[PDB]
Structure formats: C-alpha cells, structure tokens
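A.B. asks: Next up, target.pdb (PDB, C-alpha atoms and all ligand atoms).
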ATOM      1  CA  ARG A  99     -16.945 -25.078  46.940
ATOM      2  CA  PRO A 100     -16.438 -28.850  47.262
ATOM      3  CA  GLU A 101     -12.761 -29.556  46.690
ATOM      4  CA  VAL A 102     -12.556 -33.378  46.441
ATOM      5  CA  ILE A 103     -13.656 -33.612  42.819
ATOM      6  CA  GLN A 104     -14.133 -37.089  41.347
ATOM      7  CA  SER A 105     -12.906 -38.634  38.120
ATOM      8  CA  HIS A 106     -13.288 -41.876  36.214
ATOM      9  CA  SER A 107     -11.324 -44.153  33.889
ATOM     10  CA  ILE A 108     -13.831 -44.196  30.957
ATOM     11  CA  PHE A 109     -12.739 -42.737  27.597
ATOM     12  CA  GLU A 110     -14.640 -39.778  26.163
ATOM     13  CA  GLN A 111     -16.428 -40.457  22.894
ATOM     14  CA  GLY A 112     -15.222 -38.208  20.075
ATOM     15  CA  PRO A 113     -18.653 -37.314  18.650
ATOM     16  CA  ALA A 114     -19.947 -36.871  22.233
ATOM     17  CA  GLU A 115     -17.588 -33.935  22.772
ATOM     18  CA  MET A 116     -18.338 -32.647  19.258
ATOM     19  CA  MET A 117     -22.124 -32.692  19.660
ATOM     20  CA  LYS A 118     -21.966 -31.222  23.172
ATOM     21  CA  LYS A 119     -19.782 -28.380  21.851
ATOM     22  CA  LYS A 120     -22.226 -28.021  18.918
ATOM     23  CA  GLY A 121     -25.278 -27.567  21.181
ATOM     24  CA  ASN A 122     -23.538 -24.878  23.261
ATOM     25  CA  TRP A 123     -23.414 -22.182  20.549
ATOM     26  CA  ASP A 124     -25.337 -23.255  17.411
ATOM     27  CA  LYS A 125     -28.465 -21.562  18.860
ATOM     28  CA  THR A 126     -29.457 -18.505  16.821
ATOM     29  CA  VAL A 127     -31.831 -15.569  17.376
ATOM     30  CA  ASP A 128     -31.724 -14.648  13.656
ATOM     31  CA  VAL A 129     -35.574 -14.944  13.465
ATOM     32  CA  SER A 130     -35.851 -11.133  13.826
ATOM     33  CA  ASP A 131     -36.049 -10.138  10.158
ATOM     34  CA  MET A 132     -36.567  -6.509  11.184
ATOM     35  CA  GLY A 133     -34.997  -3.156  10.291
ATOM     36  CA  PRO A 134     -32.994  -2.662  13.519
ATOM     37  CA  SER A 135     -31.952  -6.336  13.534
ATOM     38  CA  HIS A 136     -30.981  -6.104   9.822
ATOM     39  CA  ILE A 137     -27.419  -5.155   8.937
ATOM     40  CA  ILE A 138     -25.896  -3.353   5.960
ATOM     41  CA  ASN A 139     -23.637  -5.680   3.960
ATOM     42  CA  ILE A 140     -21.553  -2.790   2.544
ATOM     43  CA  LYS A 141     -20.686  -1.245   5.944
ATOM     44  CA  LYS A 142     -19.196  -4.195   7.821
ATOM     45  CA  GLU A 143     -16.619  -3.426  10.491
ATOM     46  CA  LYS A 144     -12.993  -3.325   9.328
ATOM     47  CA  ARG A 145     -10.822  -6.272  10.254
ATOM     48  CA  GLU A 146      -7.349  -4.871  10.544
ATOM     49  CA  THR A 147      -5.413  -6.272   7.595
ATOM     50  CA  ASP A 148      -7.022  -4.219   4.828
ATOM     51  CA  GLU A 149      -6.750  -6.985   2.233
ATOM     52  CA  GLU A 150      -8.553  -9.212   4.778
ATOM     53  CA  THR A 151     -11.435  -6.880   5.673
ATOM     54  CA  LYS A 152     -14.145  -9.578   5.736
ATOM     55  CA  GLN A 153     -14.403 -11.069   9.244
ATOM     56  CA  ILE A 154     -18.086 -11.895   8.838
ATOM     57  CA  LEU A 155     -19.368 -13.363   5.605
ATOM     58  CA  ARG A 156     -22.507 -14.310   3.719
ATOM     59  CA  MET A 157     -21.467 -17.968   4.035
ATOM     60  CA  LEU A 245      -1.176 -13.819  -1.017
ATOM     61  CA  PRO A 246       1.810 -13.796  -3.411
ATOM     62  CA  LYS A 247       3.288 -10.801  -5.230
ATOM     63  CA  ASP A 248       2.703  -9.831  -8.840
ATOM     64  CA  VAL A 249       5.441  -8.674 -11.208
ATOM     65  CA  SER A 250       5.396  -5.947 -13.848
ATOM     66  CA  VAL A 251       5.356  -8.347 -16.816
ATOM     67  CA  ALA A 252       2.248  -9.997 -15.319
ATOM     68  CA  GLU A 253       0.538  -6.675 -14.520
ATOM     69  CA  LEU A 254       0.856  -5.429 -18.103
ATOM     70  CA  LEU A 255      -0.192  -8.825 -19.497
ATOM     71  CA  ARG A 256      -3.459  -8.935 -17.514
ATOM     72  CA  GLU A 257      -4.469  -5.455 -18.704
ATOM     73  CA  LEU A 258      -3.776  -6.312 -22.365
ATOM     74  CA  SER A 259      -5.040  -9.849 -23.017
ATOM     75  CA  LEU A 260      -7.343 -10.931 -20.187
ATOM     76  CA  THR A 261      -9.157  -7.591 -19.779
ATOM     77  CA  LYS A 262      -9.377  -4.722 -22.278
ATOM     78  CA  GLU A 263     -10.601  -2.297 -19.561
ATOM     79  CA  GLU A 264      -8.538   0.852 -19.043
ATOM     80  CA  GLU A 265      -6.832   1.374 -15.692
ATOM     81  CA  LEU A 266      -4.908   4.172 -13.959
ATOM     82  CA  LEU A 267      -1.366   3.315 -12.980
ATOM     83  CA  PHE A 268       0.645   5.626 -10.740
ATOM     84  CA  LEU A 269       4.344   5.774 -11.542
ATOM     85  CA  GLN A 270       7.426   7.308  -9.926
ATOM     86  CA  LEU A 271      10.191   8.525 -12.235
ATOM     87  CA  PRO A 272      13.803   9.453 -11.415
ATOM     88  CA  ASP A 273      14.571  12.933 -10.121
ATOM     89  CA  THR A 274      16.017  13.978 -13.501
ATOM     90  CA  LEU A 275      14.974  12.803 -16.940
ATOM     91  CA  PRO A 276      17.629  12.811 -19.743
ATOM     92  CA  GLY A 277      16.524  16.107 -21.280
ATOM     93  CA  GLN A 278      17.193  19.821 -21.518
ATOM     94  CA  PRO A 279      14.491  22.342 -20.465
ATOM     95  CA  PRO A 280      13.475  23.751 -23.872
ATOM     96  CA  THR A 281      14.227  27.527 -23.990
ATOM     97  CA  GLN A 282      13.129  27.707 -20.297
ATOM     98  CA  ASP A 283      16.005  30.132 -19.376
ATOM     99  CA  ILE A 284      18.100  27.441 -17.593
ATOM    100  CA  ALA A 312      23.080  25.612 -15.653
ATOM    101  CA  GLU A 313      22.320  21.910 -16.298
ATOM    102  CA  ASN A 314      19.344  22.082 -13.904
ATOM    103  CA  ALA A 315      17.024  19.130 -13.267
ATOM    104  CA  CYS A 316      14.623  18.015 -15.989
ATOM    105  CA  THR A 317      11.074  16.976 -15.064
ATOM    106  CA  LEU A 318       7.889  16.080 -16.940
ATOM    107  CA  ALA A 319       6.608  19.612 -16.286
ATOM    108  CA  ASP A 320       9.324  20.997 -18.588
ATOM    109  CA  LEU A 321       8.749  18.786 -21.631
ATOM    110  CA  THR A 322       6.137  19.189 -24.371
ATOM    111  CA  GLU A 323       3.293  16.870 -25.376
ATOM    112  CA  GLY A 324       3.865  13.993 -27.749
ATOM    113  CA  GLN A 325       5.555  10.638 -27.667
ATOM    114  CA  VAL A 326       8.125  10.644 -24.871
ATOM    115  CA  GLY A 327       9.468   7.121 -25.186
ATOM    116  CA  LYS A 328       8.694   3.446 -25.621
ATOM    117  CA  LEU A 329       8.065   0.708 -23.068
ATOM    118  CA  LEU A 330       9.624  -2.691 -23.746
ATOM    119  CA  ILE A 331       8.720  -6.006 -22.161
ATOM    120  CA  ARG A 332      11.475  -8.574 -22.629
ATOM    121  CA  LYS A 333      11.643 -12.319 -22.228
ATOM    122  CA  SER A 334      12.219 -13.522 -18.625
ATOM    123  CA  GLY A 335      10.057 -10.708 -17.258
ATOM    124  CA  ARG A 336      12.567  -7.859 -17.560
ATOM    125  CA  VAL A 337      10.794  -4.559 -18.288
ATOM    126  CA  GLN A 338      12.522  -1.421 -19.565
ATOM    127  CA  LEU A 339      11.379   2.139 -20.209
ATOM    128  CA  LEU A 340      13.367   3.397 -23.193
ATOM    129  CA  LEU A 341      13.057   7.148 -22.770
ATOM    130  CA  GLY A 342      15.652   8.516 -25.145
ATOM    131  CA  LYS A 343      18.994   6.954 -25.883
ATOM    132  CA  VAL A 344      18.872   5.581 -22.315
ATOM    133  CA  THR A 345      16.758   2.765 -20.939
ATOM    134  CA  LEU A 346      15.273   3.010 -17.466
ATOM    135  CA  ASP A 347      14.258  -0.049 -15.453
ATOM    136  CA  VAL A 348      10.678  -0.459 -14.197
ATOM    137  CA  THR A 349       9.702  -2.423 -11.090
ATOM    138  CA  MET A 350       6.628  -2.838  -8.915
ATOM    139  CA  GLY A 351       6.250  -0.464  -6.003
ATOM    140  CA  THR A 352       4.871  -1.137  -2.561
ATOM    141  CA  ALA A 353       1.508  -2.774  -2.844
ATOM    142  CA  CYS A 354      -0.934  -0.265  -1.433
ATOM    143  CA  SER A 355      -4.361  -1.558  -0.414
ATOM    144  CA  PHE A 356      -5.945   1.568   1.011
ATOM    145  CA  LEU A 357      -8.260   3.575  -1.221
ATOM    146  CA  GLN A 358      -6.691   6.044  -3.659
ATOM    147  CA  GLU A 359      -8.694   8.481  -5.798
ATOM    148  CA  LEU A 360      -7.437  10.431  -8.808
ATOM    149  CA  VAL A 361      -9.269  13.765  -8.857
ATOM    150  CA  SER A 362      -9.241  16.951 -10.909
ATOM    151  CA  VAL A 363      -9.375  20.324  -9.204
ATOM    152  CA  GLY A 364     -10.044  23.255 -11.492
ATOM    153  CA  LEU A 365     -10.325  26.851 -10.293
ATOM    154  CA  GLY A 366     -12.349  27.960 -13.309
ATOM    155  CA  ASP A 367     -13.397  31.170 -11.554
ATOM    156  CA  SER A 368     -11.760  33.479  -9.016
ATOM    157  CA  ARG A 369     -13.572  31.972  -6.036
ATOM    158  CA  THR A 370     -15.348  28.839  -7.259
ATOM    159  CA  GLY A 371     -14.668  25.834  -9.450
ATOM    160  CA  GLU A 372     -15.158  22.144 -10.161
ATOM    161  CA  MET A 373     -13.873  19.000  -8.440
ATOM    162  CA  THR A 374     -14.158  15.776 -10.436
ATOM    163  CA  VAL A 375     -13.201  12.188  -9.543
ATOM    164  CA  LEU A 376     -11.584  10.477 -12.541
ATOM    165  CA  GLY A 377     -11.021   7.006 -11.074
ATOM    166  CA  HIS A 378      -9.375   4.763  -8.519
ATOM    167  CA  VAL A 379      -5.659   3.893  -8.550
ATOM    168  CA  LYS A 380      -4.603   0.315  -7.776
ATOM    169  CA  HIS A 381      -0.970  -0.313  -8.809
ATOM    170  CA  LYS A 382       2.285   1.606  -8.402
ATOM    171  CA  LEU A 383       5.289   1.411 -10.744
ATOM    172  CA  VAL A 384       8.822   2.525  -9.855
ATOM    173  CA  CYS A 385      11.189   3.708 -12.588
ATOM    174  CA  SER A 386      14.917   3.799 -11.844
ATOM    175  CA  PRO A 387      18.109   4.282 -13.873
ATOM    176  CA  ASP A 388      20.090   1.169 -14.769
ATOM    177  CA  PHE A 389      23.298   2.296 -13.057
ATOM    178  CA  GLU A 390      25.185  -0.857 -14.039
ATOM    179  CA  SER A 391      24.626  -0.224 -17.765
ATOM    180  CA  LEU A 392      25.452   3.497 -17.442
ATOM    181  CA  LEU A 393      28.716   2.609 -15.714
ATOM    182  CA  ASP A 394      29.684  -0.373 -17.905
ATOM    183  CA  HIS A 395      29.802   2.061 -20.839
ATOM    184  CA  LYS A 396      32.680   4.056 -19.295
ATOM    185  CA  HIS A 397      34.072   2.771 -15.986
ATOM    186  CA  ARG A 398      36.037   4.939 -13.564
TER     187      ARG A 398
ATOM    188  CA  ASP B   6      16.200 -11.560 -24.255
ATOM    189  CA  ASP B   7      14.507  -9.899 -27.224
ATOM    190  CA  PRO B   8      11.351  -7.767 -26.685
ATOM    191  CA  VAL B   9       9.049 -10.633 -27.738
ATOM    192  CA  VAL B  10       5.883  -9.100 -26.233
ATOM    193  CA  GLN B  11       4.244  -5.680 -25.796
ATOM    194  CA  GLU B  12       6.463  -3.026 -27.208
ATOM    195  CA  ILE B  13       4.202  -0.318 -25.735
ATOM    196  CA  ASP B  14       4.332   3.299 -26.843
ATOM    197  CA  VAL B  15       4.442   5.899 -24.056
ATOM    198  CA  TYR B  16       2.836   9.308 -24.579
ATOM    199  CA  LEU B  17       2.703  12.426 -22.410
ATOM    200  CA  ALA B  18      -0.169  14.873 -21.867
ATOM    201  CA  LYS B  19      -0.027  18.335 -20.293
ATOM    202  CA  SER B  20      -3.697  19.437 -20.460
ATOM    203  CA  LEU B  21      -4.274  18.477 -16.793
ATOM    204  CA  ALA B  22      -0.715  19.010 -15.500
ATOM    205  CA  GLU B  23      -1.740  21.903 -13.221
ATOM    206  CA  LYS B  24      -5.055  20.328 -12.181
ATOM    207  CA  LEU B  25      -4.562  16.674 -11.255
ATOM    208  CA  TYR B  26      -4.443  15.538  -7.614
ATOM    209  CA  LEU B  27      -3.970  12.147  -6.002
ATOM    210  CA  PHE B  28      -6.225  11.758  -2.973
ATOM    211  CA  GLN B  29      -5.676   8.765  -0.744
ATOM    212  CA  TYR B  30      -7.485   7.518   2.352
ATOM    213  CA  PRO B  31      -5.032   5.647   4.652
ATOM    214  CA  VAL B  32      -7.747   4.079   6.837
ATOM    215  CA  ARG B  33     -10.344   3.169   4.210
ATOM    216  CA  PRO B  34      -9.914  -0.198   2.436
ATOM    217  CA  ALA B  35      -9.895  -0.419  -1.360
ATOM    218  CA  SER B  36     -13.266  -2.218  -1.461
ATOM    219  CA  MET B  37     -15.262   0.331   0.561
ATOM    220  CA  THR B  38     -15.484   3.281  -1.828
ATOM    221  CA  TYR B  39     -17.130   6.672  -1.367
ATOM    222  CA  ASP B  40     -18.795   6.384  -4.809
ATOM    223  CA  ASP B  41     -22.302   5.988  -3.359
ATOM    224  CA  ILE B  42     -21.993   8.520  -0.494
ATOM    225  CA  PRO B  43     -23.496  11.957  -1.289
ATOM    226  CA  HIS B  44     -20.920  14.719  -0.854
ATOM    227  CA  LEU B  45     -22.111  18.046   0.521
ATOM    228  CA  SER B  46     -19.119  20.373   0.049
ATOM    229  CA  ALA B  47     -15.527  20.634  -1.105
ATOM    230  CA  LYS B  48     -13.099  23.292   0.105
ATOM    231  CA  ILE B  49      -9.546  23.990  -1.067
ATOM    232  CA  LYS B  50      -6.760  26.496  -0.669
ATOM    233  CA  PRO B  51      -4.977  26.388  -4.049
TER     234      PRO B  51
ATOM    235  CA  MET C   1     -10.002  -9.448  18.053
ATOM    236  CA  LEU C   2      -9.611  -5.799  17.104
ATOM    237  CA  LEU C   3     -12.368  -4.471  14.851
ATOM    238  CA  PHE C   4     -12.492  -0.827  13.804
ATOM    239  CA  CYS C   5     -15.238   1.615  12.819
ATOM    240  CA  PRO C   6     -15.677   2.248   9.062
ATOM    241  CA  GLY C   7     -16.485   5.866   9.807
ATOM    242  CA  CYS C   8     -13.790   7.245  12.089
ATOM    243  CA  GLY C   9     -11.482   4.268  12.676
ATOM    244  CA  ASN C  10     -11.554   4.282  16.458
ATOM    245  CA  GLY C  11     -11.653   0.941  18.249
ATOM    246  CA  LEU C  12     -15.008  -0.775  18.668
ATOM    247  CA  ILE C  13     -16.361  -2.143  21.950
ATOM    248  CA  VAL C  14     -19.037  -4.790  22.425
ATOM    249  CA  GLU C  15     -22.161  -3.589  24.244
ATOM    250  CA  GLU C  16     -25.798  -4.654  24.551
ATOM    251  CA  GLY C  17     -28.781  -2.951  22.952
ATOM    252  CA  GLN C  18     -32.518  -3.415  23.221
ATOM    253  CA  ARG C  19     -32.706  -6.245  20.655
ATOM    254  CA  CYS C  20     -29.147  -7.476  20.050
ATOM    255  CA  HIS C  21     -25.576  -7.264  21.227
ATOM    256  CA  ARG C  22     -23.705  -4.612  19.254
ATOM    257  CA  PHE C  23     -20.199  -3.664  18.294
ATOM    258  CA  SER C  24     -20.217   0.051  19.011
ATOM    259  CA  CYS C  25     -17.923   3.011  18.537
ATOM    260  CA  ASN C  26     -17.195   5.267  21.484
ATOM    261  CA  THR C  27     -16.959   8.454  19.385
ATOM    262  CA  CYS C  28     -19.564   8.176  16.614
ATOM    263  CA  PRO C  29     -23.117   6.760  16.331
ATOM    264  CA  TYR C  30     -21.977   3.627  14.428
ATOM    265  CA  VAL C  31     -23.228   0.283  15.762
ATOM    266  CA  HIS C  32     -23.195  -3.205  14.240
ATOM    267  CA  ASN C  33     -25.816  -5.712  15.376
ATOM    268  CA  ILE C  34     -24.485  -9.224  16.036
ATOM    269  CA  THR C  35     -27.084 -11.188  14.083
ATOM    270  CA  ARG C  36     -25.280 -14.543  13.876
ATOM    271  CA  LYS C  37     -22.594 -16.658  15.580
ATOM    272  CA  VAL C  38     -19.118 -15.103  15.346
ATOM    273  CA  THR C  39     -15.979 -16.653  16.858
ATOM    274  CA  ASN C  40     -12.212 -16.280  17.263
ATOM    275  CA  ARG C  41     -10.011 -19.309  18.073
ATOM    276  CA  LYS C  42      -6.622 -18.948  19.794
ATOM    277  CA  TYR C  43      -5.157 -22.514  19.318
ATOM    278  CA  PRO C  44      -2.399 -22.423  21.987
ATOM    279  CA  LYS C  45       0.707 -24.615  22.217
ATOM    280  CA  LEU C  46       0.329 -28.004  23.930
ATOM    281  CA  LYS C  47       2.960 -29.850  25.992
ATOM    282  CA  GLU C  48       5.730 -31.949  24.506
ATOM    283  CA  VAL C  49       4.829 -35.629  24.072
ATOM    284  CA  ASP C  50       8.320 -37.008  23.257
ATOM    285  CA  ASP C  51       9.315 -38.201  26.750
ATOM    286  CA  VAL C  52       5.691 -39.040  27.629
ATOM    287  CA  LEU C  53       5.217 -42.133  25.428
ATOM    288  CA  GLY C  54       8.670 -43.654  25.941
ATOM    289  CA  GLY C  55       8.986 -46.494  28.418
ATOM    290  CA  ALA C  56       5.954 -48.786  27.893
ATOM    291  CA  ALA C  57       3.132 -46.243  27.970
ATOM    292  CA  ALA C  58      -0.601 -47.027  27.785
ATOM    293  CA  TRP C  59      -0.891 -46.928  23.974
ATOM    294  CA  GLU C  60      -3.983 -48.389  22.321
ATOM    295  CA  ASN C  61      -4.018 -47.736  18.539
ATOM    296  CA  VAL C  62      -3.219 -51.353  17.519
ATOM    297  CA  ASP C  63      -6.007 -53.229  15.711
ATOM    298  CA  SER C  64      -6.619 -56.637  14.167
ATOM    299  CA  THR C  65      -5.003 -57.204  10.722
ATOM    300  CA  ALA C  66      -2.517 -54.380  11.428
ATOM    301  CA  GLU C  67       0.604 -54.224   9.281
ATOM    302  CA  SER C  68       3.882 -55.774  10.364
ATOM    303  CA  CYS C  69       6.840 -53.457  10.854
ATOM    304  CA  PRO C  70       9.123 -53.296   7.772
ATOM    305  CA  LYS C  71      12.389 -54.585   9.250
ATOM    306  CA  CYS C  72      11.332 -57.518  11.433
ATOM    307  CA  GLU C  73       8.226 -58.419   9.310
ATOM    308  CA  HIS C  74       6.432 -59.286  12.583
ATOM    309  CA  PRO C  75       3.547 -57.379  14.254
ATOM    310  CA  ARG C  76       5.587 -57.001  17.478
ATOM    311  CA  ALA C  77       5.557 -53.190  17.365
ATOM    312  CA  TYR C  78       3.242 -50.382  18.402
ATOM    313  CA  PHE C  79       2.147 -47.472  16.226
ATOM    314  CA  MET C  80       0.286 -44.266  17.052
ATOM    315  CA  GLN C  81      -0.620 -40.870  15.610
ATOM    316  CA  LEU C  82      -0.592 -37.624  17.593
ATOM    317  CA  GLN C  83      -0.588 -33.888  17.096
ATOM    318  CA  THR C  84       2.774 -32.467  18.157
ATOM    319  CA  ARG C  85       1.496 -28.867  18.232
ATOM    320  CA  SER C  86      -2.135 -27.626  18.247
ATOM    321  CA  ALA C  87      -4.866 -29.647  16.513
ATOM    322  CA  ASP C  88      -4.754 -27.645  13.261
ATOM    323  CA  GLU C  89      -1.549 -29.572  12.498
ATOM    324  CA  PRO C  90      -1.959 -32.644  10.257
ATOM    325  CA  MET C  91      -1.326 -35.654  12.496
ATOM    326  CA  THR C  92       2.073 -37.347  12.213
ATOM    327  CA  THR C  93       2.621 -41.111  12.212
ATOM    328  CA  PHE C  94       5.318 -42.845  14.248
ATOM    329  CA  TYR C  95       6.090 -46.384  15.359
ATOM    330  CA  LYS C  96       8.520 -48.338  17.539
ATOM    331  CA  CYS C  97       9.546 -52.003  17.391
ATOM    332  CA  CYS C  98      10.730 -54.008  20.413
ATOM    333  CA  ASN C  99      11.761 -57.637  19.901
ATOM    334  CA  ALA C 100      14.281 -60.108  21.314
ATOM    335  CA  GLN C 101      17.883 -59.046  20.490
ATOM    336  CA  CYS C 102      16.424 -56.117  18.528
ATOM    337  CA  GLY C 103      15.869 -52.499  19.518
ATOM    338  CA  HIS C 104      14.997 -49.831  16.939
ATOM    339  CA  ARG C 105      13.008 -46.627  16.471
ATOM    340  CA  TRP C 106      11.532 -45.691  13.103
ATOM    341  CA  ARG C 107       9.404 -43.130  11.301
TER     342      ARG C 107
HETATM  343 ZN    ZN D 401     -16.528   5.121  14.869
HETATM  344 ZN    ZN D 402      11.848 -55.727  16.850
END
Before anything else, please render the file you have as structure tokens.
C.D. replies:
Amino acid sequence: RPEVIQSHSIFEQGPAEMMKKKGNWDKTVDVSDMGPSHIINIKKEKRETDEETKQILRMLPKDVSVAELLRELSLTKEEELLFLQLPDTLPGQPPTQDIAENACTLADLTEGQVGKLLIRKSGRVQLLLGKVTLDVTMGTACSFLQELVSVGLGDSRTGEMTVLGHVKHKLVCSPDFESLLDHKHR
Amino acid sequence: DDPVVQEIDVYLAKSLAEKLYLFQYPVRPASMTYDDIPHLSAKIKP
Amino acid sequence: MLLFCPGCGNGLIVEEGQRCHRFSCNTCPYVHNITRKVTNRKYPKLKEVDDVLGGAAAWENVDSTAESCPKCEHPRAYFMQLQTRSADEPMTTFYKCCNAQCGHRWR
C-alpha cells in the first residue's frame, strides 16, 4: 500500500459531496414486484421502543385523568375499557358474610350504584365512594397489548373463551390520607 | 374548585365476576393485534 | 440497530437469500426481505473549536455589503457560523471585533 498520500488546497464543493453521497446508495432493486420480494405491511419487525415500532415506513408527553375522561366523552362517543386499581380495603362491611373488621373488596358488595366520580376544576379527580372521597390518578402507561377475555366453564370439561376487547389506559385509586387525617389529627 | 364538569355515576356488576380475565402480551406491541390470526385451541386449568 | 422478531422476540440477524438480503430469526422461519434503502445514523461528537479559531485563523465568511459590528459601527470584524456538536445542531452565530485601542468579543 502506497503510504505517501497526496492532498491539495482546493475547497470541496458542498453539492459535490451531497451528490456523490446520493449516488452511492440511492440505487434500488425494487423492480421485483414478485411474491417472495413482496413484504407484509402488518408484520414488520419490531423496533425496540414499543410506541416507536415503525422503523420502515410507507413514505411524547403524558396525559392526565381529566383529559382522558374528556376525550372519551366529547371528542369520541365510542366505549372503551379502562382498567383500575382500587385500595386494599373499601369503606364497607361484608354484608352478612359471617365476618372481625376484615378487609372489604368488590367481591363482597352487591350490584347497583357504588359511588360517583367527580371531575373538578384544575384537573383534580375524585372517586366519591361513600362518605369518603378517593383520589384517582393515571397509572403507568402500558404500551404492550392487553386483552380482556371471558373464560366460562359451562360444562364439566369444556367451555367458551371470548375476547371482549383491548385495554389501553390504567387508573390508580388511592385514599386521600391528608383529608382523612386533617379531620382528626393525632 | 367545584365539580364543573362530568359528575359521572359509577356502577358495579357481578355477572362476570368469576369469569373475567386480563390477558397481556409483554412482547407484542399494542398495534399488532391477534384479531386476524386464526386460533386453533385454548387450554386452561381453572 | 436491534430489531426483533414479531413471532418469538429473539434477535434478528441480517443474511442473504436467493433474491434479496433478509433480516432473519435464528429460531423460527420468519424472514423480512430488504426491499428498499434502510439506514441508521450515529452522529458522533466532533472536536472542540473554541481554541481553534482564536489567534488570527483562516476564516472566510466575510462578504461584500456585510454588516458593521454594533459597537464600533465599522466593518473591521470577522463573523462565522459553525456547528459546536454534530451537524444536527442548528448552527450558532458568533463574531469578534479587533480595532485600534479596542478589543472585544461578542455574541
Ligand atoms: Zn423469531
Ligand atoms: Zn474593534
């Protein structure tokens, strides 16, 4: 390999580098409009950030619970499945369930109205679920697929599995410990 | 801060309380859905 | 760049087939034919330029009918624009004036 490589004072033209770079890779063998050569647009490879799946193409901020409920009321009347996490104990008594002040869960209560959900000014959201009001905030934003499915063992050995819909948003309900404590400090 | 918008009633249903499962697919993005794919079997231990 | 199989989620490798180059899984039949130009740019960090232009360098950006500097109101000053990091940065503008009994540096 010749070592004494030679150089010159002249200044490279800007477009001359651009058009040389252009000619090095703009060549395309896309003429093969054939089955093997074709590619399925709905089974592209997964770029790693799941919100950012599209690496090849045909050519974010965070929401808040006041905005989530506003989009599903005014802008779009379509129904949607939320997924919400409640506190470990709701403010109830298990009705005649043979107890001890044990925990109260949604499995113990009976059908009907259970509470009311209030949206306030300045984006505060409360779940009034008795005399007490629980606070509601947005959970971790999942972006993997989630499916809400029924499983029913209608017979001894066989049954039906049914997919009811996809789940997009998570809500977290928590007790407002400041308000509970500001009633009667200790 | 008065409740100027969306006083929403909250109701509770029990008719599916022993039936309803959440399935989730940690490696499959929310846009690629198995809605088209034909399923051949489902197995469960209850 | 890492790209992963929609089926099993193992890591893809690039290989060559009979008509195209393919992204291919090692553990399932899935392949993806590279039909068109695909790219991935690194944009690494360039050298500092701060101590490179000081001391009467070979600047050239001056032109006829160029503006005078704001303090002296004379065109006895150079001005230039450079990227300080990689070329995706919007270029910054800087200028220095050197006159008799007058030394200053401005932005
Ligand atoms: Zn694979
Ligand atoms: Zn000067």
A.B. asks: Which residues match the ChimeraX specification (/B :<6) & /A in the file above, as a VMD selection string?
C.D. replies: chain A and resid 148 323 to 333 355 to 364
A.B. asks: Could you state which residues are captured by the PyMOL selection byres (((chain A and resi 347) around 7) and not hetatm) in this file, as a PyMOL selection string?
C.D. replies: chain A and resi 337-339+345-346+348-349+385-388
A.B. asks: Output the contact residues of chain C with respect to chain B at a cut-off of 9 Å, based on only C-alpha atoms, as a CSV table (one decimal) with C-alpha atoms, in the coordinates of the input.
C.D. replies:
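Full text of part_32.csv as output:
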chain,number,residue,atom,x,y,z
C,6,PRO,CA,-15.7,2.2,9.1
C,7,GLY,CA,-16.5,5.9,9.8
C,8,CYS,CA,-13.8,7.2,12.1
C,9,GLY,CA,-11.5,4.3,12.7
A.B. asks: List the residues selected by the ChimeraX specification (/A :<9) & /C in the file shown, writing them as a VMD selection string.
C.D. replies: chain C and resid 1 to 6 9 12 19 to 20 23 32 to 38
A.B. asks: Near residue 49 in chain C, within 12 Å and counting only C-alpha atoms, which residues show up once chain neighbours fewer than 3 positions away are dropped, as a list in words?
C.D. replies: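 Everything that qualifies: residues 45, 46, 52, 53, 54, 57, 81, 82, 83, 84 and 85 of chain C.
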A.B. asks: How would range 349-360 of chain A read, as a PDB file, keeping the file's coordinate frame, once N, CA, C and O atoms are built in?
C.D. replies:
ATOM      1  N   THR A 349      10.014  -1.366 -12.044  1.00  0.00           N
ATOM      2  CA  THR A 349       9.702  -2.423 -11.090  1.00  0.00           C
ATOM      3  C   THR A 349       8.464  -2.074 -10.290  1.00  0.00           C
ATOM      4  O   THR A 349       8.088  -0.914 -10.202  1.00  0.00           O
ATOM      5  N   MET A 350       7.828  -3.075  -9.701  1.00  0.00           N
ATOM      6  CA  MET A 350       6.628  -2.838  -8.915  1.00  0.00           C
ATOM      7  C   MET A 350       6.854  -2.187  -7.575  1.00  0.00           C
ATOM      8  O   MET A 350       7.668  -2.651  -6.786  1.00  0.00           O
ATOM      9  N   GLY A 351       6.106  -1.143  -7.270  1.00  0.00           N
ATOM     10  CA  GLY A 351       6.250  -0.464  -6.003  1.00  0.00           C
ATOM     11  C   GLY A 351       5.546  -1.160  -4.868  1.00  0.00           C
ATOM     12  O   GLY A 351       5.045  -2.267  -5.027  1.00  0.00           O
ATOM     13  N   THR A 352       5.500  -0.515  -3.709  1.00  0.00           N
ATOM     14  CA  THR A 352       4.871  -1.137  -2.561  1.00  0.00           C
ATOM     15  C   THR A 352       3.414  -1.325  -2.866  1.00  0.00           C
ATOM     16  O   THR A 352       2.764  -0.435  -3.404  1.00  0.00           O
ATOM     17  N   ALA A 353       2.887  -2.485  -2.516  1.00  0.00           N
ATOM     18  CA  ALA A 353       1.508  -2.774  -2.844  1.00  0.00           C
ATOM     19  C   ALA A 353       0.560  -2.110  -1.890  1.00  0.00           C
ATOM     20  O   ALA A 353       0.274  -2.648  -0.826  1.00  0.00           O
ATOM     21  N   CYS A 354       0.063  -0.937  -2.258  1.00  0.00           N
ATOM     22  CA  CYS A 354      -0.934  -0.265  -1.433  1.00  0.00           C
ATOM     23  C   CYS A 354      -2.297  -0.936  -1.559  1.00  0.00           C
ATOM     24  O   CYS A 354      -2.673  -1.425  -2.625  1.00  0.00           O
ATOM     25  N   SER A 355      -3.032  -0.966  -0.447  1.00  0.00           N
ATOM     26  CA  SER A 355      -4.361  -1.558  -0.414  1.00  0.00           C
ATOM     27  C   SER A 355      -5.363  -0.679   0.316  1.00  0.00           C
ATOM     28  O   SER A 355      -6.491  -1.118   0.560  1.00  0.00           O
ATOM     29  N   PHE A 356      -4.982   0.536   0.679  1.00  0.00           N
ATOM     30  CA  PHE A 356      -5.945   1.568   1.011  1.00  0.00           C
ATOM     31  C   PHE A 356      -6.505   2.201  -0.259  1.00  0.00           C
ATOM     32  O   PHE A 356      -5.974   2.027  -1.359  1.00  0.00           O
ATOM     33  N   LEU A 357      -7.609   2.921  -0.096  1.00  0.00           N
ATOM     34  CA  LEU A 357      -8.260   3.575  -1.221  1.00  0.00           C
ATOM     35  C   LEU A 357      -7.455   4.776  -1.699  1.00  0.00           C
ATOM     36  O   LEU A 357      -6.971   5.578  -0.898  1.00  0.00           O
ATOM     37  N   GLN A 358      -7.313   4.893  -3.018  1.00  0.00           N
ATOM     38  CA  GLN A 358      -6.691   6.044  -3.659  1.00  0.00           C
ATOM     39  C   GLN A 358      -7.596   6.548  -4.771  1.00  0.00           C
ATOM     40  O   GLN A 358      -8.080   5.755  -5.581  1.00  0.00           O
ATOM     41  N   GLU A 359      -7.816   7.859  -4.815  1.00  0.00           N
ATOM     42  CA  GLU A 359      -8.694   8.481  -5.798  1.00  0.00           C
ATOM     43  C   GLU A 359      -7.924   9.519  -6.594  1.00  0.00           C
ATOM     44  O   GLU A 359      -7.220  10.352  -6.016  1.00  0.00           O
ATOM     45  N   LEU A 360      -8.065   9.470  -7.914  1.00  0.00           N
ATOM     46  CA  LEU A 360      -7.437  10.431  -8.808  1.00  0.00           C
ATOM     47  C   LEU A 360      -8.478  11.478  -9.172  1.00  0.00           C
ATOM     48  O   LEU A 360      -9.474  11.157  -9.829  1.00  0.00           O
TER      49      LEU A 360
END
